[PDB]
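Here's the structure, in structure tokens; my notes come after.
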Protein chains: 2
Amino acid sequence: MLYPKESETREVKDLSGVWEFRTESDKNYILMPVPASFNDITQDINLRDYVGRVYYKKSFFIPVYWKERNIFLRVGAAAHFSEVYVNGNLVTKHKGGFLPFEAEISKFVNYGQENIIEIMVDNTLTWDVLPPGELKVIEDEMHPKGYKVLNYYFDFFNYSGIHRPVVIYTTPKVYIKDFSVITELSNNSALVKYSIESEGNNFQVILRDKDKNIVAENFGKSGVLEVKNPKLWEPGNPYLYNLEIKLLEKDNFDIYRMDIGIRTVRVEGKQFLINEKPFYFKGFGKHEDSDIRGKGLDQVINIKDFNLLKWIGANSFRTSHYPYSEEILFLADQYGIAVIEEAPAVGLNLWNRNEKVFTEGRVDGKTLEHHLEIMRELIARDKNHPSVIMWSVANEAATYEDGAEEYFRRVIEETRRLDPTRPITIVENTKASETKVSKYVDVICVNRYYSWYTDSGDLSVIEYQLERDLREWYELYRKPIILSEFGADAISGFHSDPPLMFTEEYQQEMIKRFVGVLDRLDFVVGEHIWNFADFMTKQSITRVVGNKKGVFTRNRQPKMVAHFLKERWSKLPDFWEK
Amino acid sequence: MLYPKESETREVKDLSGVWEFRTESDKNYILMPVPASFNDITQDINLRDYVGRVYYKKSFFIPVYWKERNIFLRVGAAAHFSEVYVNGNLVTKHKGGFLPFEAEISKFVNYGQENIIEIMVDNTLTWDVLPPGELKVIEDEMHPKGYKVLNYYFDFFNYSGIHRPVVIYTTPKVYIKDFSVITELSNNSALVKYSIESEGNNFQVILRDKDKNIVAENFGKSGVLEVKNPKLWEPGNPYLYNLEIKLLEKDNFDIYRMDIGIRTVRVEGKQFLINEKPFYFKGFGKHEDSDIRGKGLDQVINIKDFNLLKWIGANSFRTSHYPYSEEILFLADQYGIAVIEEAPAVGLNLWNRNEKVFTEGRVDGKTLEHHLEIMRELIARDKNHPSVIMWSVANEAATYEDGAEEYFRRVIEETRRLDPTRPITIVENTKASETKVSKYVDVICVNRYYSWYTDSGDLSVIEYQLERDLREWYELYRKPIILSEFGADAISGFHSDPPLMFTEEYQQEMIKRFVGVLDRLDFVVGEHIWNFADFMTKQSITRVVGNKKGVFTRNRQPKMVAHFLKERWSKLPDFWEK
Ligand SMILES: [Cl-]
Ligand SMILES: [Cl-]
């Protein structure tokens with residue numbers, strides 16, 4: 001499914017705005033913005049911590065002239081289970097809170113009249129949705145009848161609601177359903193190879209440069225476009241060409257356009273190559289999180305975040321720990337930021353080797369089935385973005401378990417089959433010698449928190465422990481390694497010398513000592529600090545109103561270590577043969 | 001041993017000030033203030049976290065006229081093992097970091113000349129000092145040779161150094177060594193009964209009121225002083241009489257004076273009676289802790305703290321979790337603040353029922369021997385302060401263990417034998433039905449943290465859980481109950497609605513809901529919030545630069561809940577028949 005875009009042949013109507021909202025088995029509505037998480041909008045603590053079904057409702061008018069058009073209703077994201085009703089008719093259901101879903105609804109609309117859309121969203125986690133969790137009953141001596149808790153083991157808050165825009169769009173009855181683009185370098189040219197999915201068959205395809213000059217054209221539902229003297233897309237030079245696809249049939253006419261970038265990505269030895277040059281990742285793990293709206297899409301915050309990425313000198317980030325909005329990937333295309341996009345397989349770990357995760361009752365064949373469908377949906381959505389340069393299949397799963405090996409072999413095999421054009425990783429906090437899964441990926445991503453979660457407060461252990469660990473990863477697997485997470489919680493304004501945990505000084509010193517180690521290791525091709533910004537988590541005595549490891553505050557202002565990273569990364573080239 | 005006080009017959013020389021300081025097996029000195037903890041004075045992180053022996057050194061001059069006087073060298077406190085050298089001569093050794101020690105040193109001084117005092121202090125904890133801990137060797141795959149950690153399980157930082165003043169004082173060769181005072185009410189009079197310890201035998205004892213009027217006198221080494229129409233000491237009316245003791249012998253003359261207060265304390269049924277009226281404790285658990293100086297005595301901070309106690313309307317505190325400086329008790333006498341003074345038996349708990357504490361290898365007969373000596377030293381020091389109204393033998397020990405019963409039976413039995421004039425408690429976090437120790441004390445003190453350490457964030461459980469729990473304490477033991485701790489960490493300036501853990505709002509709402517429960521229970525005779533002020537702890541992912549449960553910041557300014565308590569406690573009488 002293609003991102004909804006207006007053209008000569010397609011209308012788009014955005015239903016974002018103020019909706020009516022209620023919780024299960026309640027008749028009274030309140031007002032609720034869309035897109036947004038509902039948790040922080042009100043002062044009702046029982047809604048903040050609500051677990052169950054909520055219902056959104058809105059009126060909309062369909063123009064009579066949309067008859068004899070396809071009418072699609074698209075929901076960008078709703079966490080985690082959703083059902084969509086048009087005038088009381090169920091038009092689609094969806095499982096998974098971080099990818100879009102849509103249905104054709106012309107059969108159910110009142111033309112030239114009022115219509116009602118209702119969207120049910122259920123935030124109840126189970127062990128066969130990603131990320132997983134479990135609702136548990138607690139009726140003991142200290143809890144009243146009916147006390148229940150939603151348990152989950154990922155470290156970000158279970159925000160719920162409609163997190164990305166709801167839109168209605170039209171197409172002709174015979175229309176461009178999808179297309180695939182692959183770019184190759186050939187002699188002094190680039191090739192853009194394409195295939196179009198449609199019931200139609202007569203297509204003209206045109207490629208235009210930045211100045212609207214036509215640089216290539218082809219008649220054909222599949223084909224190759226040759227670009228002589230191409231300008232390649234890469235961090236530091238985000239050149240985009242505009243691909244125009246025109247269906248020209250007897251009764252149907254359809255146009256779809258997308259900006260694409262010409263680049264190659266390849267792993268060879270201990271090098272991560274973009275356009276055949278050795279890349280060095282400088283960046284962050286991020287989160288879709290901001291004040292008040294929770295996980296809701298906000299283009300103000302998105303553009304602010306990319307300007308901060310360019311300001312600090314980052315060239316990349318990982319979409320920890322789930323696919324982000326398409327909007328963020330289009331921006332990464334424009335700004336020239338390399339993206340590792342990650343499936344929502346986070347929380348597959350009970351920090352305890354006595355509780356097994358990959359076992360009947362928890363992560364099983366049903367979870368695997370969902371994970372495989374997720375990879376198919378994710379690659380289908382994002383396969384044409386130049387900014388996505390790697391897929392991450394999971395974050396900190398219990399990869400030391402025997403059952404994790406067969407599980408992830410299947411996930412990894414399916415991902416590569418779906419997209420052979422990008423490398424694959426998995427983000428590990430398991431010990432190097434214990435993971436049964438990292439031997440199957442292209443690039444190793446390791447999260448390490450020496451002197452924070454272990455030997456807390458003792459910065460002196462970092463060089464000893466980190467160098468020994470990373471050398472063992474390389475000795476066992478002989479793959480490029482990204483230090484995919486490291487950092488320390490810092491309360492803005494907490495200062496100390498000597499540095500103490502939770503101060504800005506400790507965060508900067510820890511990060512500084514980690515990267516001094518990486519500079520001595522020629523097989524380390526990247527550093528991603530956790531996290532870009534402070535974000536909300538569930539409440540616990542270990543979380544000082546959320547996770548405070550941001551390099552920026554939640555309102556997008558820098559802590560001390562942001563300036564250290566700006567100075568370091570201004571000296572580090574994007575392409576660096578270590 | 002009596003607090004050093006100048007008189008017509010006694011000189012006092014305070015050696016506090018700037019000393020030279022070094023660590024073990026090092027020849028170079030730095031400067032170090034005394035009294036103070038050494039940990040936060042410098043920018044040397046290796047001294048902040050030092051474990052082992054440190055050495056203080058200072059020159060002093062003895063006047064030739066001190067010949068034929070006793071010369072005593074007193075150390076107010078040094079944590080935790082100490083040795084005192086005068087001109088290289090060992091004059092005393094001491095075990096325990098929170099009580100004073102002294103020696104007579106006239107045999108070792110150079111009269112009319114320079115002298116050198118050196119004090120060794122060792123902060124290495126063991127299982128037979130209080131509070132206990134253990135130095136552990138960690139030489140594994142991730143730690144270099146010689147890595148060691150001091151483990152301990154009490155929740156305050158192991159500050160070390162000379163924490164209370166070092167002084168030298170003179171007495172005549174035959175002198176007042178000690179005295180005991182007990183006050184009784186009789187008809188319309190009060191009696192002050194006394195006994196004096198001395199090699200002398202001829203004494204005149206005089207009692208003076210606030211205006212220096214003599215109200216009673218007696219000739220005798222022991223005797224009774226009758227005060228007609230006494231003004232009693234109590235919170236809200238801290239009347240002090242001055243007791244003057246004069247030794248009058250042939251060759252020796254000695255005078256010692258102390259302010260005393262006339263009051264009785266008695267537990268009867270579910271009432272805590274002071275001067276036969278039902279008291280209600282309003283107050284705090286405190287700590288000896290302040291910026292930069294750690295646990296060092298500071299009279300500025302002490303007077304500030306008492307003015308804040310009076311401002312907020314408190315009438316009491318507990319010396320969590322160790323005896324405080326004598327200076328603080330003299331101030332509590334002046335201000336009329338009731339003190340529960342506690343022995344340093346904190347940390348006798350490995351939050352884990354698989355690791356036993358009262359067992360060979362940990363808390364054993366050697367620990368018990370030290371605990372019993374501590375109770376003797378503590379009562380000998382503080383027996384004459386009107387402000388001390390109860391002894392606490394421990395805080396949050398593993399009282400569910402079989403071995404804890406015999407241990408504490410002996411501690412409690414010895415405490416009562418040493419001082420039958422004050423009730424005894426033990427501060428519990430064990431479950432009511434599991435403690436094997438609370439049945440042996442006079443008043444129950446229970447620490448409860450519902451919605452903070454358990455059901456974190458859910459304020460709705462408080463009333464259900466706390467009322468059920470406290471009713472079970474009373475049903476099992478039929479004693480008065482003090483809620484001796486409850487509270488929540490709050491970062492100053494962290495605000496939210498709805499309230500979230502670590503915000504000022506959550507701290508206030510939790511405390512408000514707890515005390516609403518207490519008001520409905522006629523057997524609850526007290527509320528002590530944890531803590532008076534933010535204080536330092538060892539580093540851990542659960543401590544945001546120390547413990548943030550203070551009602552005041554570490555620099556002694558109020559958080560939101562301080563104003564809630566001021567308003568509540570301004571409405572609650574000190575004496576309240578519930
Ligand atoms: Cl983290
Ligand atoms: Cl606490």
Side-chain angles (χ1 to χ4, degrees), chain A residues 39-40 42-49 138 141-144 147 149 157 431 433 449-461 463-466 468-469 472 488-503 506 509 536-546 548, chain B residues 39-40 42-49 138 141-144 147 149 157 431 433 449-461 463-466 468-469 472 488-503 506 509 536-546 548:
Chain A
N39 305 80
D40 293 338
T42 81
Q43 313 310 304
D44 187 349
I45 196 166
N46 289 313
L47 181 60
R48 192 197 66 193
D49 298 335
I138 307 202
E141 282 255 279
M142 284 311 214
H143 293 90
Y147 198 93
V149 301
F157 185 61
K431 163 100 191 25
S433 64
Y449 286 98
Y450 300 120
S451 89
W452 186 262
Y453 286 122
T454 52
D455 306 291
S456 310
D458 191 2
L459 296 161
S460 77
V461 302
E463 288 88 359
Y464 187 92
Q465 301 179 333
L466 183 61
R468 286 157 72 85
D469 190 39
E472 195 194 11
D489 293 78
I491 308 307
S492 186
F494 276 33
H495 289 274
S496 81
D497 192 72
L500 292 164
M501 286 173 75
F502 291 95
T503 64
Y506 196 95
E509 187 67 26
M536 283 307 317
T537 65
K538 75 163 87 192
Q539 295 186 78
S540 84
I541 58 166
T542 60
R543 287 288 176 262
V544 191
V545 195
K548 285 287 190 293
Chain B
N39 305 80
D40 293 338
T42 81
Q43 313 310 304
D44 187 349
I45 196 166
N46 289 313
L47 181 60
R48 192 197 66 193
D49 298 335
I138 307 202
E141 282 255 279
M142 284 311 214
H143 293 90
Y147 198 93
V149 301
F157 185 61
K431 163 100 191 25
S433 64
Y449 286 98
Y450 300 120
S451 89
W452 186 262
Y453 286 122
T454 52
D455 306 291
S456 310
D458 191 2
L459 296 161
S460 77
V461 302
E463 288 88 359
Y464 187 92
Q465 301 179 333
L466 183 61
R468 286 157 72 85
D469 190 39
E472 195 194 11
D489 293 78
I491 308 307
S492 186
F494 276 33
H495 289 274
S496 81
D497 192 72
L500 292 164
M501 286 173 75
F502 291 95
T503 64
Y506 196 95
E509 187 67 26
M536 283 307 317
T537 65
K538 75 163 87 192
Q539 295 186 78
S540 84
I541 58 166
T542 60
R543 287 288 176 262
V544 191
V545 195
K548 285 287 190 293

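Numbers restart at 1 for each chain; the letters A, B, ... are given by sequence-line order, proteins then strands.
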How about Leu500(B) and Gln539(A): do any of their side-chain heavy atoms sit closer than 4.5 Å? yes
With a 4.5 angstrom heavy-atom cut-off, could you sort out which part of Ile491(A) is near chain B: side chain, backbone, both or neither? side chain
Contact winner vs chain B - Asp44(A), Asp49(A), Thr503(A), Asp455(A), heavy-atom pairs under 4.5 Å: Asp455(A)
Straight-line distance of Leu459(B) CG to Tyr450(B) OH, nearest 0.5 Å: 15.0 Å
Side chain, backbone, both or neither: which part of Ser540(A) has an atom under 4.5 Å from a heavy atom of chain B? backbone
Which portion of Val545(A) sits near chain B, non-hydrogen atoms under 4.5 angstrom: both
Side chain to side chain donor-acceptor pair (under 3.5 Å) against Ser451(B), all qualifying residues, sequence neighbours excluded: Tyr506(B)
Which answer fits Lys548(A), side chain, backbone, both or neither, if we ask what part of it has an atom under 4.5 Å from a heavy atom of chain B? side chain
Using modelled atom types and a 3.5 Å cut-off, is there a donor and acceptor pairing between side-chain atoms of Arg468(B) and backbone atoms of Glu141(A)? yes
Chain B contact via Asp458(A) - which portion, at a heavy-atom distance below 4.5 Å: side chain
With heavy-atom distances below 4.5 Å as the criterion, would you say the side chains of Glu472(A) and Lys431(A) are in contact? yes
Do the rings of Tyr449(A) and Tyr453(A) sit parallel, tilted or perpendicular, given the 30° and 60° boundaries? perpendicular
Max heavy-atom pair count under 4.5 Å with chain A, selected residue of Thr42(B), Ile138(B), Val544(B): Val544(B)
Where does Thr454(A) contact chain B at under 4.5 Å (heavy atoms): side chain, backbone, both or neither? neither
